[PDB]
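Could you have a look at this structure, given as structure tokens, before my questions?
Letters are used for the chains, namely A, B, C, D, E and F, taken in the order the chains are written, and counting of residues starts over at 1 for each.
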């Protein structure tokens, strides 16, 4: 589109094994088939290799997908509430507040260099503590933004109440 | 090949169950092996204290 | 779907189940040796305390 | 059958059940294959009206398959008959079905008379 | 039954309704005044089975089921051994064995339908095989009582 | 109202950046756990993000769904431009935890 993207484009995240092959070009590599076999030859590929994890058991892998789906839905609802608060604040520009360039760069260059970098998450703990810490950090940021947005709305209502008594 | 994949998957599941039972029997053997390897330590300190009492 | 893909999915399911069983056997095999030396050290410490 | 190979004891887990449509078994196999890994099967057997389904999964996920199988319009359980205290249970089920036919025949004759 | 049906259709005289109502209370309370354990133990020990007002109730077998259980259900095994021993010695199509076979089939059907642990005593003793063969014979009321006794044990096998 | 607007703007920006990084890490962890749980053997796969232009994601999703649809199944893979999923009565399921119709391979959509 051209109303939600100004510095970033659309991305698709997909994973395949080392023995997978396409049904339209047998006998080729998926890396060269991703860029060279792309539609129109203009598809850009970015590296998104994260660190390897250790599966504890097969029973936790079924609940881990539902917990990651619910945490992804809660993270998407928190990002939609933060975008709704940013659009409701009346400060969103034509490029900023709709693109969210992280680190002062575009979304494709930042997404191409995304290697699972954390500032409080290490590679020695489980993924459940990192997902729970990310969900608690997202819920704390959403509650911290909503707590300031509620006081800003009450301060704007009190300022409108004082402005209505000041003249009218 | 309808029952061949179920037979090979049943043999692989029996090998995985035997591999899990080998680790469970190894941990169950190590649980008694810790006390069996720890119960022999008092026999040297008892005679070592008995030598110090036999000196007096 | 097709019946030919059922054996190809069953082979990867059996290999994943064998990998999970090997991971659980390695976890229990690390846990038993993780606890056994501490239990033997505690029993040896109690026996030395009684001997003293 | 799908000779004693699964009703007398084995290392794999089987899920037998009756269904009136193969689309619910294909949607349950697609949902189980997409949400629980390769822990499904593809079997079809003609019956007298219902169709016999054949599903296979692990021995540690039989409790989670009961909710997804029951919520998917199906009754795929570990054992269809209520006789599983011996190997095989079909010998005792043949005796209970061999006495229930005579008791139902005598009750039907006494009720008709 | 004649006093109970005659109690609803009273006459013009009050002495007939007072006599039928007075005799119906003593007649109904006379059989209910006795103990079920002494009546069942006396009827089973006497070797004479017969119907009664308190013998067709499931509360008597449920109340005497805990008191009868003293040797792994030796009382129900003795009653089933008396019914099967009466079935072997003194074969069916008789006047004497039909009343004890019908009362033993009704009491065995109520005791078997009351608790699910008495089915092992019938299979261990051997009277369960004669219950299936007794239904296909004559005396279709006793065949219906044995059909209910076989249906009570057959109901606990498959649910 | 001015100080709460400025502090709510800065905390909304920092919470939006941390929520975006946590959403990207949760999407990468769910994308790795989906192919890791669904694939099985082997325990190592190549995961990457392909940047498509605007208004051309249907051709890349159709070509990638048609090319990578052989792994999920020959009968379940179908040509779909967008996100073709189950949306009928409760006999069929359509959700992120219980569904009876999805893509032919492990693929997620991340757009802003």
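Keep in mind that, in the parts below, a contact is a pair of C-beta atoms (placed from the backbone, for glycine too) under 8 Å apart; a residue touches a chain by one contact, two chains touch by 3 or more.
Show which chains lie in contact with subunit C and also with subunit D.
Both subunit C and subunit D are touched by A, B, F, going by the contact rule given at the top.
Give the chain pair, either D-F or A-F, that is connected by more C-beta contacts.
A-F
I'd like the most central chain, judged by C-alpha centroids against the all-protein C-alpha centroid.
Measuring from the global C-alpha mean, the nearest chain centre belongs to D.
Compare the CA centroid of subunit E with every other chain's and tell me the farthest one.
Centre of mass proxy via C-alpha means gives A as farthest from subunit E.
Centroid from C-alpha atoms only, then distance subunit A to subunit E, rounded to Å. What do you get?
From the centre of subunit A to the centre of subunit E is 76 Å.
CA centre of subunit E versus CA centre of subunit F: separation in Å?
71
Quick check: how many Å separate the C-alpha centres of subunit B and subunit C?
It comes to 12 Å between the two C-alpha centres.
With chain centres defined as C-alpha means, what is the inter-centre distance between subunit A and subunit D in Å?
Centres of subunit A and subunit D (C-alpha means) sit 45 Å apart.
For subunit B, which residues are shared contacts with two or more other chains?
2, 6, 9, 13, 17
What parts of subunit A, by residue number, touch at least two of the other chains?
Each of 55, 58, 61-62, 65 in subunit A touches at least two other chains.
What are the residue numbers in subunit E that touch two or more other chains?
Subunit E, residues with two or more chain partners: not present.
All pairs of touching chains, please: list them by chain label.
Per the contact definition above, the touching pairs are A-C, A-D, A-F, B-C, B-D, C-D, C-F, D-E, D-F.
Can you check the complex and tell me which residues of subunit C touch subunit B?
3, 6-7, 10-11, 13-15, 17-18, 20-22, 24-29, 31-33, 35-44, 47-48, 50-52
Applying the document's contact rule, which stretches of subunit E touch subunit D when the two form their complex?
It is residues 132, 135-136, 140, 143-144, 147, 150-151, 154, 157-159 of subunit E that touch subunit D.
Hey, which residues of subunit A end up touching subunit C in the complex?
Residue list for subunit A touching subunit C: 54-58.
Which residues of subunit D touch subunit A in the complex?
Going through subunit D, the ones touching subunit A are 35-37, 58, 60-61, 64.
Using the touch definition up top, name the residues of subunit C that touch subunit A in the complex.
Within the complex, subunit C contacts subunit A at residues 16-17, 20, 23-24, 27.
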